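Structure file run.txt with compact mmCIF, C-alpha atoms:
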# COMPACT_ATOMS: atom_id res chain seq x y z
CA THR A 1156 258.48 -7.05 84.93
CA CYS A 1157 254.88 -6.25 84.15
CA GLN A 1158 255.03 -3.92 87.15
CA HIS A 1159 258.49 -2.51 86.35
CA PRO A 1160 258.99 -3.04 82.61
CA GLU A 1161 261.61 -0.31 82.44
CA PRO A 1162 265.20 -0.77 83.66
CA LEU A 1163 265.87 0.86 87.02
CA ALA A 1164 268.90 2.40 88.67
CA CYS A 1165 270.51 -0.78 89.93
CA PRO A 1166 272.68 -0.30 93.05
CA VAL A 1167 273.17 -4.08 93.45
CA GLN A 1168 274.60 -6.20 90.65
CA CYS A 1169 273.08 -9.54 91.64
CA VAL A 1170 271.37 -11.14 94.63
CA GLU A 1171 270.74 -14.54 96.16
CA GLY A 1172 267.35 -16.17 96.57
CA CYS A 1173 264.62 -17.89 94.64
CA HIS A 1174 264.53 -16.68 91.04
CA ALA A 1175 261.83 -17.48 88.50
CA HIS A 1176 263.55 -18.83 85.40
CA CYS A 1177 261.44 -19.62 82.35
CA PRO A 1178 262.02 -19.44 78.58
CA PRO A 1179 261.95 -16.07 76.80
CA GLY A 1180 258.85 -14.47 75.33
CA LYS A 1181 257.51 -14.37 78.90
CA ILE A 1182 257.90 -11.64 81.50
CA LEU A 1183 257.47 -12.09 85.21
CA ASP A 1184 254.63 -10.63 87.23
CA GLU A 1185 254.55 -11.24 90.96
CA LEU A 1186 250.80 -11.26 91.58
CA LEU A 1187 250.31 -14.12 89.12
CA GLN A 1188 253.39 -15.89 90.44
CA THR A 1189 254.49 -17.42 87.15
CA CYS A 1190 255.99 -15.61 84.19
CA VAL A 1191 253.53 -14.56 81.50
CA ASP A 1192 253.68 -13.27 77.95
CA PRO A 1193 254.38 -9.51 77.66
CA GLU A 1194 250.96 -8.48 76.30
CA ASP A 1195 249.30 -9.75 79.49
CA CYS A 1196 251.18 -7.05 81.40
CA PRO A 1197 248.92 -4.08 82.27
CA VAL A 1198 251.31 -1.87 80.32
CA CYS A 1199 250.62 1.75 79.36
CA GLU A 1200 251.70 3.77 76.31
CA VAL A 1201 249.64 6.97 76.03
CA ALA A 1202 250.31 9.27 73.05
CA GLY A 1203 253.21 7.15 71.86
CA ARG A 1204 256.17 7.56 74.19
CA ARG A 1205 257.68 4.70 76.18
CA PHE A 1206 257.28 4.81 79.96
CA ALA A 1207 256.35 2.59 82.90
CA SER A 1208 253.26 0.39 83.21
CA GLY A 1209 250.92 3.21 84.15
CA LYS A 1210 252.46 4.74 87.24
CA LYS A 1211 249.99 6.48 89.54
CA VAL A 1212 251.57 9.94 89.27
CA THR A 1213 250.12 13.26 88.11
CA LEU A 1214 252.71 14.32 85.52
CA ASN A 1215 253.28 17.93 84.41
CA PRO A 1216 252.79 20.23 87.45
CA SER A 1217 254.90 23.06 86.05
CA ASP A 1218 253.02 24.99 83.36
CA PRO A 1219 249.25 25.63 83.69
CA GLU A 1220 248.66 26.35 80.00
CA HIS A 1221 250.48 23.12 79.06
CA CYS A 1222 248.62 21.12 81.72
CA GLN A 1223 248.01 18.19 79.36
CA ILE A 1224 247.78 15.27 81.78
CA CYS A 1225 247.51 11.64 80.73
CA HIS A 1226 247.25 9.02 83.47
CA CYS A 1227 247.00 5.31 82.82
CA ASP A 1228 245.65 2.92 85.43
CA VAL A 1229 246.40 -0.46 83.83
CA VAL A 1230 245.62 -0.36 80.10
CA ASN A 1231 243.51 2.72 79.32
CA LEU A 1232 244.56 5.10 76.56
CA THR A 1233 242.99 7.99 78.46
CA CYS A 1234 243.82 11.60 79.24
CA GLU A 1235 242.23 13.64 82.02
CA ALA A 1236 241.19 17.29 81.98
CA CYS A 1237 243.02 19.79 84.17
CA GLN A 1238 241.00 21.93 86.57
CA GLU A 1239 241.63 25.59 85.77
CA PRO A 1240 242.75 27.85 88.65
CA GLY A 1241 240.67 30.81 87.43
CA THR B 1156 220.15 61.08 95.50
CA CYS B 1157 223.12 60.16 93.37
CA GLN B 1158 224.27 58.07 96.34
CA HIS B 1159 220.81 56.67 97.15
CA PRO B 1160 218.80 56.90 93.92
CA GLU B 1161 216.39 54.22 95.06
CA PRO B 1162 213.62 54.83 97.62
CA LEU B 1163 214.42 53.48 101.07
CA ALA B 1164 212.37 52.13 103.94
CA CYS B 1165 211.37 55.42 105.50
CA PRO B 1166 210.69 55.23 109.26
CA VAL B 1167 210.34 59.03 109.53
CA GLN B 1168 207.84 60.95 107.42
CA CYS B 1169 209.58 64.34 107.42
CA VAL B 1170 212.35 66.13 109.31
CA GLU B 1171 213.49 69.63 110.16
CA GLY B 1172 216.71 71.23 109.01
CA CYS B 1173 218.37 72.75 106.00
CA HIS B 1174 216.99 71.26 102.79
CA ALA B 1175 218.39 71.81 99.31
CA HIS B 1176 215.52 72.94 97.09
CA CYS B 1177 216.17 73.45 93.39
CA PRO B 1178 214.09 72.99 90.23
CA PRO B 1179 213.48 69.48 88.84
CA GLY B 1180 215.73 67.72 86.36
CA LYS B 1181 218.42 67.88 89.05
CA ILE B 1182 219.18 65.38 91.79
CA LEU B 1183 221.10 66.11 94.95
CA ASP B 1184 224.54 64.77 95.72
CA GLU B 1185 226.15 65.66 99.02
CA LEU B 1186 229.82 65.67 98.03
CA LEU B 1187 229.20 68.32 95.38
CA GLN B 1188 226.91 70.24 97.70
CA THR B 1189 224.52 71.52 95.05
CA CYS B 1190 221.97 69.51 93.13
CA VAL B 1191 223.11 68.21 89.76
CA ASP B 1192 221.54 66.65 86.70
CA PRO B 1193 220.84 62.89 87.01
CA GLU B 1194 223.41 61.70 84.45
CA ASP B 1195 226.22 63.18 86.57
CA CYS B 1196 225.34 60.68 89.29
CA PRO B 1197 227.81 57.75 89.37
CA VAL B 1198 224.87 55.43 88.77
CA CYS B 1199 225.16 51.74 87.90
CA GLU B 1200 222.96 49.50 85.73
CA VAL B 1201 224.77 46.25 84.89
CA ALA B 1202 222.97 43.74 82.63
CA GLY B 1203 219.81 45.81 82.58
CA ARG B 1204 218.08 45.63 85.95
CA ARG B 1205 217.47 48.66 88.15
CA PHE B 1206 219.40 48.85 91.43
CA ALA B 1207 221.42 51.27 93.54
CA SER B 1208 224.32 53.44 92.37
CA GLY B 1209 226.89 50.67 92.48
CA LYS B 1210 226.79 49.41 96.05
CA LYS B 1211 230.02 47.81 97.25
CA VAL B 1212 228.53 44.38 97.92
CA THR B 1213 229.43 40.95 96.53
CA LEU B 1214 226.03 39.73 95.34
CA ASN B 1215 225.11 36.05 94.85
CA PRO B 1216 226.85 33.99 97.58
CA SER B 1217 224.41 31.10 97.41
CA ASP B 1218 225.04 28.93 94.35
CA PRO B 1219 228.62 28.25 93.14
CA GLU B 1220 227.64 27.23 89.60
CA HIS B 1221 225.54 30.42 89.25
CA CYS B 1222 228.30 32.58 90.74
CA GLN B 1223 227.83 35.31 88.11
CA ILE B 1224 228.99 38.40 89.98
CA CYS B 1225 228.74 41.94 88.64
CA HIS B 1226 230.06 44.76 90.80
CA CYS B 1227 229.95 48.41 89.82
CA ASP B 1228 232.22 50.97 91.45
CA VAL B 1229 230.81 54.23 90.04
CA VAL B 1230 229.99 53.81 86.34
CA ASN B 1231 231.64 50.65 85.00
CA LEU B 1232 229.59 48.07 83.12
CA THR B 1233 231.85 45.32 84.42
CA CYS B 1234 231.48 41.80 85.75
CA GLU B 1235 234.11 39.96 87.78
CA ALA B 1236 235.11 36.30 87.61
CA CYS B 1237 234.39 34.01 90.55
CA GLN B 1238 237.25 32.03 92.06
CA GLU B 1239 236.41 28.33 91.88
CA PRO B 1240 236.63 26.32 95.13
CA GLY B 1241 238.07 23.24 93.40

What's the structure tokens form of this structure?
Amino acid sequence: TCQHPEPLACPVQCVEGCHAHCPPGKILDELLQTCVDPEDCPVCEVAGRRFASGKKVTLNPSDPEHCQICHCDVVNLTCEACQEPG
Amino acid sequence: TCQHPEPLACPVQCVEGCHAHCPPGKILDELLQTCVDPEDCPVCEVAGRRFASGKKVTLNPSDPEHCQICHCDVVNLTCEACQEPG
């Protein structure tokens, strides 16, 4: 989905219920109930690598000197500065 | 003295007792009972201004951004880094 573009660990094979079926070239987002083209997803790709659609997590806690954080809210190709402990 | 090179607020004009009298060019320090030349005083002058012989006080509490602290133990021309609150 636009919210979960990546595949997830899938404990359940399939499930009942209402399922939005529309032709390809369109990915489902729940807020705008219909399916929509992929580009309309608020998807995030900062410094190249593939990941989720801008999860709200502060990556890289481990190393202070390598504290090179890059959040993404919806679309922004931004990177934030780390506050030094010293 | 080497311990109190600056003049102090002096509630008493003069006092009785034993008083170390020696020729000038020598300042009294109590640990080494005699009077000694001024340079032998563990005197402190960090970044130029005149003050005491390295008092053990953390100057400048007021402004965080101007937290530019400079202690002096006996002789050292040192300045310490302030720990940021953030």

Report task. Would you mind reading off the distance between atom CA of residue A:1157 and atom CA of residue A:1172, one decimal, in Å? Result -> 20.2 Å

Query raised in the report: Which residues, written as number ranges by chain, have at least one atom at most 10 Å from residue A:1236, with only C-alpha atoms counted and residues fewer than 4 positions away on the same chain left out?
Result: A: 1222-1225

With chain B as the partner and 12 Å as the cut-off, tabulate the residues of chain A that qualify, each row holding the nearest pair of atoms and their distance in Å to one decimal, using all atoms listed in the file, sorted by chain and rising number, as a Markdown table.
| residue | atom | partner | partner_atom | distance |
| --- | --- | --- | --- | --- |
| A:1237 | CA | B:1241 | CA | 11.0 |
| A:1238 | CA | B:1241 | CA | 7.5 |
| A:1239 | CA | B:1239 | CA | 8.5 |
| A:1240 | CA | B:1239 | CA | 7.1 |
| A:1241 | CA | B:1238 | CA | 5.9 |

For the selection you just gave me, I'd like the residues written to a file as a PDB file, in the frame of the given file, keeping C-alpha atoms.
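selection_7.pdb, freshly written:
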ATOM      1  CA  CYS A1237     243.020  19.790  84.170  1.00  0.00           C
ATOM      2  CA  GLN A1238     241.000  21.930  86.570  1.00  0.00           C
ATOM      3  CA  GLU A1239     241.630  25.590  85.770  1.00  0.00           C
ATOM      4  CA  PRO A1240     242.750  27.850  88.650  1.00  0.00           C
ATOM      5  CA  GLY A1241     240.670  30.810  87.430  1.00  0.00           C
TER       6      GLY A1241
END

List as a short mmCIF file (atom, residue, chain, number, x, y, z; two decimals) with C-alpha atoms, keeping the file's coordinate frame the residues having at least one atom at most 7 Å from position (249.0, 0.6, 85.1) as given in the file, counting only C-alpha atoms.
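Written out: part_23.cif:
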data_model
loop_
_atom_site.label_atom_id
_atom_site.label_comp_id
_atom_site.auth_asym_id
_atom_site.auth_seq_id
_atom_site.Cartn_x
_atom_site.Cartn_y
_atom_site.Cartn_z
CA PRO A 1197 248.92 -4.08 82.27
CA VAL A 1198 251.31 -1.87 80.32
CA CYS A 1199 250.62 1.75 79.36
CA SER A 1208 253.26 0.39 83.21
CA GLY A 1209 250.92 3.21 84.15
CA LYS A 1210 252.46 4.74 87.24
CA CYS A 1227 247.00 5.31 82.82
CA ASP A 1228 245.65 2.92 85.43
CA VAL A 1229 246.40 -0.46 83.83
CA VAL A 1230 245.62 -0.36 80.10
#

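Among the candidates A:1187, A:1201, A:1169, A:1214, the residue lying nearest to residue A:1233 is A:1201 (atoms considered: only C-alpha atoms).
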
**Report entry** Gap from atom CA of residue A:1207 to atom CA of residue A:1181 - Å, one decimal
**Finding:** 17.5 Å

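Put simply, atom CA of residue B:1212 is 28.2 Å away from atom CA of residue B:1168.
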
If I only have part of stretch 1175-1211 of chain A, can you fill in N, CA and C atoms and write it as an mmCIF file, in the coordinates of the input?
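And here is the file that came out, result01.cif:
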data_model
loop_
_atom_site.group_PDB
_atom_site.id
_atom_site.type_symbol
_atom_site.label_atom_id
_atom_site.label_comp_id
_atom_site.auth_asym_id
_atom_site.auth_seq_id
_atom_site.Cartn_x
_atom_site.Cartn_y
_atom_site.Cartn_z
ATOM 1 N N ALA A 1175 262.670 -16.860 89.515
ATOM 2 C CA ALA A 1175 261.830 -17.480 88.500
ATOM 3 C C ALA A 1175 262.573 -17.472 87.176
ATOM 4 N N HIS A 1176 262.902 -18.661 86.685
ATOM 5 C CA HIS A 1176 263.550 -18.830 85.400
ATOM 6 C C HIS A 1176 262.617 -19.605 84.485
ATOM 7 N N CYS A 1177 262.273 -18.994 83.358
ATOM 8 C CA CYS A 1177 261.440 -19.620 82.350
ATOM 9 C C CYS A 1177 261.932 -19.153 80.989
ATOM 10 N N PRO A 1178 261.522 -19.816 79.906
ATOM 11 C CA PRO A 1178 262.020 -19.440 78.580
ATOM 12 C C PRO A 1178 261.641 -18.019 78.217
ATOM 13 N N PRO A 1179 262.270 -17.447 77.185
ATOM 14 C CA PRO A 1179 261.950 -16.070 76.800
ATOM 15 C C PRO A 1179 260.558 -15.945 76.197
ATOM 16 N N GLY A 1180 260.210 -14.744 75.740
ATOM 17 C CA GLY A 1180 258.850 -14.470 75.330
ATOM 18 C C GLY A 1180 257.867 -14.432 76.480
ATOM 19 N N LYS A 1181 258.355 -14.406 77.718
ATOM 20 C CA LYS A 1181 257.510 -14.370 78.900
ATOM 21 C C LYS A 1181 258.189 -13.514 79.953
ATOM 22 N N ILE A 1182 257.413 -12.605 80.530
ATOM 23 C CA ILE A 1182 257.900 -11.640 81.500
ATOM 24 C C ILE A 1182 257.215 -11.930 82.821
ATOM 25 N N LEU A 1183 257.951 -11.719 83.901
ATOM 26 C CA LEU A 1183 257.470 -12.090 85.210
ATOM 27 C C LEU A 1183 256.581 -11.002 85.790
ATOM 28 N N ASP A 1184 255.487 -11.444 86.390
ATOM 29 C CA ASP A 1184 254.630 -10.630 87.230
ATOM 30 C C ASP A 1184 254.445 -11.362 88.552
ATOM 31 N N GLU A 1185 254.487 -10.612 89.646
ATOM 32 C CA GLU A 1185 254.550 -11.240 90.960
ATOM 33 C C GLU A 1185 253.186 -11.658 91.474
ATOM 34 N N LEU A 1186 252.138 -10.916 91.126
ATOM 35 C CA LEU A 1186 250.800 -11.260 91.580
ATOM 36 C C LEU A 1186 250.398 -12.634 91.049
ATOM 37 N N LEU A 1187 250.400 -12.798 89.730
ATOM 38 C CA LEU A 1187 250.310 -14.120 89.120
ATOM 39 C C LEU A 1187 251.719 -14.693 89.080
ATOM 40 N N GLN A 1188 252.015 -15.573 90.046
ATOM 41 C CA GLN A 1188 253.390 -15.890 90.440
ATOM 42 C C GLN A 1188 254.268 -16.283 89.265
ATOM 43 N N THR A 1189 253.699 -16.939 88.260
ATOM 44 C CA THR A 1189 254.490 -17.420 87.150
ATOM 45 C C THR A 1189 254.889 -16.247 86.254
ATOM 46 N N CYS A 1190 255.727 -16.542 85.271
ATOM 47 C CA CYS A 1190 255.990 -15.610 84.190
ATOM 48 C C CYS A 1190 254.908 -15.759 83.131
ATOM 49 N N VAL A 1191 254.655 -14.660 82.425
ATOM 50 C CA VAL A 1191 253.530 -14.560 81.500
ATOM 51 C C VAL A 1191 254.011 -13.778 80.289
ATOM 52 N N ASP A 1192 253.320 -13.968 79.168
ATOM 53 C CA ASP A 1192 253.680 -13.270 77.950
ATOM 54 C C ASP A 1192 253.602 -11.754 78.171
ATOM 55 N N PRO A 1193 254.340 -10.959 77.385
ATOM 56 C CA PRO A 1193 254.380 -9.510 77.660
ATOM 57 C C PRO A 1193 253.038 -8.809 77.525
ATOM 58 N N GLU A 1194 252.227 -9.172 76.527
ATOM 59 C CA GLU A 1194 250.960 -8.480 76.300
ATOM 60 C C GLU A 1194 250.035 -8.550 77.502
ATOM 61 N N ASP A 1195 250.124 -9.612 78.298
ATOM 62 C CA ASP A 1195 249.300 -9.750 79.490
ATOM 63 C C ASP A 1195 249.690 -8.765 80.586
ATOM 64 N N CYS A 1196 250.821 -8.083 80.448
ATOM 65 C CA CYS A 1196 251.180 -7.050 81.400
ATOM 66 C C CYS A 1196 250.207 -5.878 81.271
ATOM 67 N N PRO A 1197 249.669 -5.343 82.384
ATOM 68 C CA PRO A 1197 248.920 -4.080 82.270
ATOM 69 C C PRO A 1197 249.859 -2.921 81.987
ATOM 70 N N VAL A 1198 250.310 -2.840 80.744
ATOM 71 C CA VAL A 1198 251.310 -1.870 80.320
ATOM 72 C C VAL A 1198 250.596 -0.684 79.692
ATOM 73 N N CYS A 1199 251.217 0.491 79.797
ATOM 74 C CA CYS A 1199 250.620 1.750 79.360
ATOM 75 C C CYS A 1199 251.556 2.473 78.404
ATOM 76 N N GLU A 1200 250.997 2.927 77.282
ATOM 77 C CA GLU A 1200 251.700 3.770 76.310
ATOM 78 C C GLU A 1200 250.676 4.765 75.776
ATOM 79 N N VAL A 1201 250.598 5.934 76.408
ATOM 80 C CA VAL A 1201 249.640 6.970 76.030
ATOM 81 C C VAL A 1201 250.352 8.028 75.193
ATOM 82 N N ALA A 1202 249.766 8.327 74.028
ATOM 83 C CA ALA A 1202 250.310 9.270 73.050
ATOM 84 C C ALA A 1202 251.742 8.924 72.642
ATOM 85 N N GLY A 1203 252.057 7.630 72.597
ATOM 86 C CA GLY A 1203 253.210 7.150 71.860
ATOM 87 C C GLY A 1203 254.469 6.840 72.650
ATOM 88 N N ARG A 1204 254.850 7.700 73.590
ATOM 89 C CA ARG A 1204 256.170 7.560 74.190
ATOM 90 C C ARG A 1204 256.224 6.365 75.138
ATOM 91 N N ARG A 1205 257.437 5.846 75.310
ATOM 92 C CA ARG A 1205 257.680 4.700 76.180
ATOM 93 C C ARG A 1205 257.851 5.174 77.617
ATOM 94 N N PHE A 1206 257.128 4.536 78.532
ATOM 95 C CA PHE A 1206 257.280 4.810 79.960
ATOM 96 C C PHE A 1206 256.838 3.562 80.723
ATOM 97 N N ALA A 1207 256.662 3.714 82.033
ATOM 98 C CA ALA A 1207 256.350 2.590 82.900
ATOM 99 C C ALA A 1207 254.949 2.060 82.615
ATOM 100 N N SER A 1208 254.553 1.050 83.385
ATOM 101 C CA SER A 1208 253.260 0.390 83.210
ATOM 102 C C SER A 1208 252.162 1.136 83.965
ATOM 103 N N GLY A 1209 251.963 2.389 83.569
ATOM 104 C CA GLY A 1209 250.920 3.210 84.150
ATOM 105 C C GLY A 1209 251.166 3.541 85.605
ATOM 106 N N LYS A 1210 252.223 4.300 85.882
ATOM 107 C CA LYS A 1210 252.460 4.740 87.240
ATOM 108 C C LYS A 1210 251.367 5.702 87.679
ATOM 109 N N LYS A 1211 251.090 5.700 88.979
ATOM 110 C CA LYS A 1211 249.990 6.480 89.540
ATOM 111 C C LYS A 1211 250.513 7.842 90.013
#
